[PDB]
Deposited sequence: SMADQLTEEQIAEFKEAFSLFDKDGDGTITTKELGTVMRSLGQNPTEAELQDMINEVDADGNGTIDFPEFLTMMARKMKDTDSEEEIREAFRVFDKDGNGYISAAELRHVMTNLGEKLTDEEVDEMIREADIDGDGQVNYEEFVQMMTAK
């Protein structure tokens, strides 16, 4: 089960990298799609993935197949260290709350009431889950 926004982003990226517009993407464009989506596969992992899921004699990937691929890849790279880096982007460990409203209202995907009531040590909020 993937979030609706994640599905929309995946569909847009897949459509963008489908050059001939036949609904499938070849194996030489999967790496770029993964880099764009955030996951940077290694050469060994990329080669294994290509030879595993795209060795049916066609060499093309349809969108449901791509979604299964992406869910499988994300199943093993959901470590919280990524969220730690995201919070570290904005070394005190205490991040101004006045910046959080600004960012959450004028950046990214536009509920902020709960953000302000939760109130900020980013690591502590991460442990709050």
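- Missing from the model, by position in the deposited sequence, are residues 1-4, 95-97, 118-121, 131-137, 148-150.
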